[PDB]
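Quick heads-up: it's one chain on its own, the form deposited in one PDB entry, in C-alpha cells.
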C-alpha cells in the first residue's frame, strides 16, 4: 500500500531518504532518494563511505550493493566535447536489512505497478500506457519534489512541461554549464527526461545539487506516485533566469531495468 501518509518532516514525506557520500578528499556530497520497497532506495547514479538514512533517524543504514542503470555513462559523450551526459541517471541502493514500515518510513508508488493502479482507483485491466496517460498527460503537470531547508524536509511545487511548453523547456538546456556549444539539444536532452522550472505557467522553485536523486512526485487522488528522479539543472541557485530548468529521469522510460532489479519486491509490476 504505497504513496500514503497519515495525520513532522518524515511523517509528511515518509519515503524520503537522505544520502551522504564522504569522499577521501574531505568534501561531503549530498543526495536524496525514495524508499520503493523494504530493501530498496531509488536515487541518481551520478551521486556516486556512503551514508543513507530514512525516517529522519540519526542512524545510517547498512548498504548491501548499489545497482546502476547499465546505460548510464557520465563520460559517454566526452569525445563529442560534452563534459557530463545524464542519460539513464538512476541507481538502486539495496539495504542489508528489511526496513520496518511505520509512520515515518513508507514506500512511494512507482509507475506501471499494481500499487499505482490501486492508488489511482483504476480497473484491473489498467495498462502501463493508461497509467502514463493519467500521470503524464500532454500538458503542464502539477508535481512536487522534496528538498532540505535548514535540516528539515520541505515540499516544493513544480510543473512538468509536457505539452505546448515542452520544447521551450528542453531548449533551455543550452544555458546549462558545459552545454552552451551543443548544436542539437537532443544530444543532451534525451527521451529519458522530464522538464520543470521557469516562470510559465508559474514561477517554479529550482533544485539544488543536494536534491539530486530525490523523487519528482505527482500528488493524485490523495496518494504520492513517483514519476521521475531529479537529475540535473541549468543554474545552481543555492537573480534566477526564466531559463532555469530542471531535468529528471522519467521512470516510465527505465522500466525494463526497474522491473528486473525489483522483481522480488512484491510491487506487482505490470
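Numbering follows the first chain given and starts at 1. Here the rigid core means the biggest group of C-alpha atoms that line up within 1.5 Å when the two forms are laid on top of each other.
Residue 49 is built in all of the other entries compared, counting only those with both neighbours built, so it is not a gap in a third.
Annotation: residue 7 belongs to the positions left without coordinates in at least a third of the other compared entries, with flanking residues modelled. In the deposited entry, the stretch joining residue 238 to residue 239 is interrupted by 4 to 9 residues of the deposited sequence lacking coordinates. The entry models residue 7 and residue 8 with a gap of 4 to 9 deposited residues left without coordinates. Remark: stretch with higher mean C-alpha B factor among 51 to 59 and 210 to 218 is 51 to 59. Per-stretch averaging of Cα B factors for 155 to 163 and 100 to 108 places 100 to 108 on top. Out of 174, 127, 200, 139, it is 174 whose C-alpha atom has the highest B-factor in the PDB entry. Per the PDB entry, 26 shows the highest C-alpha temperature factor of the residues 245, 26, 69, 223. When all modelled residues of the chain are sorted by CA temperature factor, residue 250 is found within the lowest third. The PDB entry assigns residue 90 a C-alpha temperature factor belonging to the lowest third of its chain's modelled residues. Sort the modelled residues of the chain by CA B factor and residue 169 lands in the middle third.
Sorting the modelled residues of the chain by their CA temperature factor places residue 259 in the middle third. Per the PDB record, residue ranking by Cα B-factor puts residue 143 in the lowest third of the chain.
Note that the form deposited in another entry isn't included here; everything after this is about it.
For the listed set 149, 157, 164, 187, the sole C-alpha moving 2 Å or more between this form and the one not shown on a rigid core superposition is that of 149. Superposition on the rigid core between this form and the one not shown places the CA atom of residue 59 less than 2 Å from its counterpart. After superposing the rigid core, the Cα of residue 28 is displaced by 2 Å or more between this form and the one not shown. Put simply, residue 28 and residue 229 come closer in the other form: their C-alpha atoms are 3 Å or more nearer than in the form shown.
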